[PDB]
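>>> give me a 3D structure for the following:
(chains A, B and C, ligands or ions: 1)
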Amino acid sequence: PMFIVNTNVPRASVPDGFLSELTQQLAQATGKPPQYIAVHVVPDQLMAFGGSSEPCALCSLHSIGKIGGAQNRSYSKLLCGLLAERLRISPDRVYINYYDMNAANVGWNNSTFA
Amino acid sequence: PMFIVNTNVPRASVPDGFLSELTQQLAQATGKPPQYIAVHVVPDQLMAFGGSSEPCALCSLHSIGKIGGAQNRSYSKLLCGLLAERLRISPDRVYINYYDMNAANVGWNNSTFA
Amino acid sequence: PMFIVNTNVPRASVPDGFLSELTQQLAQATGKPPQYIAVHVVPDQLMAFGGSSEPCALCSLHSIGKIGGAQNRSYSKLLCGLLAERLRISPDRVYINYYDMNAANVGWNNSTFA
Ligand SMILES: Oc1ccc(-n2cc(-c3ccc4ccccc4n3)nn2)cc1
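Numbers count the residues shown, from 1 in each chain, chains lettered A, B, ... in the order given. Find the structure here:
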């Protein structure tokens, strides 16, 4: 799986240990082993949410399965949670895009997962 | 909705109020309220369009509904217009990807839209 | 077509010509004239793959058609090769998402491809 965060929060306010935490928490929630999880944090970004430049987050989670209504509800509770706890962003200023990828449309190790 | 502009144009060339104007303009066009539109500009990027590194842009608009043939056509006139006027980028060096999101696949405020 | 790669490899590890080379190789592979190919490389990124900060990369390829099982396998082999040969990234630390875009959902030059 693949989680990307884009946030107007400056790099300094991102803790050490944050990528490891995202990695272990997403592994636990998706059931995918940590070895297959990728995280990408993008601080210091030039973004607004609803006209205002208070702290915010634009994110995405791509996964081959383990995507759907109840799972996405759960994932968003877990992620908004970490973004609030660790980056002090308020959940109503977070948007997450969820992608259920087909194995044929994901490339890895010179080939695809199909 | 979620709007991102990646561009090779440098930061100093992005006018102040560009985010505001995008927020306000995407609101009118989509019919979505300004307060839920989130915008994101990424300037000073290493990119090429057509082999060339003359000014160019790659955008994306994610949205639950309001994504369709005529709407997208309307949005592209609107967003190219703005990119040309304010960033001095030629429209024929702009790609916009439109994504119509299912509500269950968009997280916000500890849950999803579904 | 549109190729984006984000990597925690430094700006200086990216050799000159890389964008041009991607543009050309993607023109051949996609069967599209380079006039329509856009590439975008994002070095220095804060990211992790399998919870490790060794070199890695997260890419995507967006195209109106030209996306499918046998083709994606061929893209991956081509693109993982360029990312190994030019950025010293191990192919088992590259993920590439492929997206088959509908003409109507891609904007360019004040309009859509529809
Ligand atoms: O990445 C995404 C995808 C979709 C959206 N999205 C938000 C909304 C939304 C939010 C609030 C609204 C309030 C009134 C009417 C429509 C509204 N639509 N629609 N699409 C946001 C981020």
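
>>> can you give me the helices in chain A?
Per DSSP state H, chain A carries helices over the ranges A:18-30, A:69-87.

>>> out of those helices, which gets nearest to chain C?
Nearest to chain C, of all the helices of chain A, is helix A:18-30, at 4.1 Å by Cβ to the nearest Cβ. For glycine as for every other residue, the C-beta is placed from the backbone atoms N, C-alpha and C.

>>> chain A against chain C: which residues are in contact?
A:2, A:4, A:11, A:14, A:19-20, A:23-24, A:34-43, A:62, A:99, A:101, A:104-112, A:114 (Cβ under 8 Å from any Cβ of the partner chain).

>>> of the residues you listed, which are in range of the ligand?
Counting by Cβ under 6 Å from any ligand atom, nothing from the residues of chain A next to chain C sits close to the ligand.

>>> how about the helices of chain A, which one is nearest residue C:57?
Proximity to residue C:57 (Cβ to Cβ) singles out helix A:18-30 among the helices of chain A, at 15.3 Å.

>>> just how off-centre is the closest one within its chain?
9 Å (Cα atoms, centre = their mean, to the nearest Å).

>>> just the residues contacting it, thanks.
A:1, A:3, A:32-34, A:37, A:39, A:41, A:61, A:63, A:66, A:74-75, A:78, A:82, A:86, C:46-48, C:50-51, C:53 (Cβ atoms under 8 Å, 6 or more residues apart in numbering or on different chains).

>>> and what of stretch A:98-114?
Contacts for stretch A:98-114 (Cβ under 8 Å, 6+ apart): A:60-65, A:67-68, A:72, A:75, B:104-107, B:112, C:59, C:67-69, C:72-73, C:75-77, C:79-81, C:91-92, C:94-100.

>>> possible to save the helices of chain A as JSON lines with mean neighbour count?
Formatted as JSON lines, these follow (neighbours: other Cβ atoms under 10 Å in any protein chain shown):
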{"stretch": "helix A:18-30", "mean neighbour count": "18"}
{"stretch": "helix A:69-87", "mean neighbour count": "18"}
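
>>> give the contact list for the residue of chain A found nearest the ligand.
The nearest approach of chain A to the ligand comes at residue A:95, 3.9 Å away (Cβ to the nearest ligand atom). Residue A:95 is in contact with A:49, A:57, A:58, A:59, B:2, B:38, B:106, B:107, B:108, counting by Cβ under 8 Å, 6+ apart.

>>> mind checking how far the nearest residue to residue A:80 once chain neighbours are set aside is from chain C?
Nearest residue to residue A:80 in three dimensions, chain neighbours excluded: residue A:91, at 4.0 Å (Cβ to Cβ, 6 or more residues apart in numbering or on different chains). Remark: distance between residue A:91 and chain C (Cβ to the nearest Cβ, to the nearest Å) = 22 Å.

>>> so how many other residues sit close to residue A:91?
Using other Cβ atoms under 10 Å in any protein chain shown, residue A:91 is surrounded by 18 other residues.

>>> would you agree it is in contact with residue A:84?
Yes. Contact criterion Cβ atoms under 8 Å: residue A:91 and residue A:84 qualify, at 6.0 Å.

>>> distance-wise, check residue A:50 relative to residue A:90.
12 Å (Cβ to Cβ, to the nearest Å).

>>> kindly report the same for residue A:54.
Applying Cβ to Cβ to residue A:54 and residue A:90 gives a distance of 8 Å.

>>> also residue A:19?
22 Å.

>>> and residue A:108, by the same measure?
In terms of Cβ to Cβ, residue A:108 sits 35 Å off from residue A:90.

>>> quick one: stretch A:64-71 to chain centroid distance?
Its chain's C-alpha centre and that of stretch A:64-71 lie 14 Å apart, by Cα atoms, centre = their mean.

>>> CA atoms only: put it into CSV for me.
Coordinates of the C-alpha atoms in stretch A:64-71 are reproduced here as CSV (Å, rounded to 0.1, in the frame of the first residue of the first chain):
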residue,chain,number,x,y,z
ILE,A,64,-4.6,-3.5,-4.0
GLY,A,65,-7.8,-4.4,-2.1
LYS,A,66,-8.6,-3.7,1.5
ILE,A,67,-10.5,-0.7,0.2
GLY,A,68,-14.3,-0.1,0.7
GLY,A,69,-16.9,1.7,2.8
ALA,A,70,-16.4,0.4,6.3
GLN,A,71,-12.6,0.0,5.8
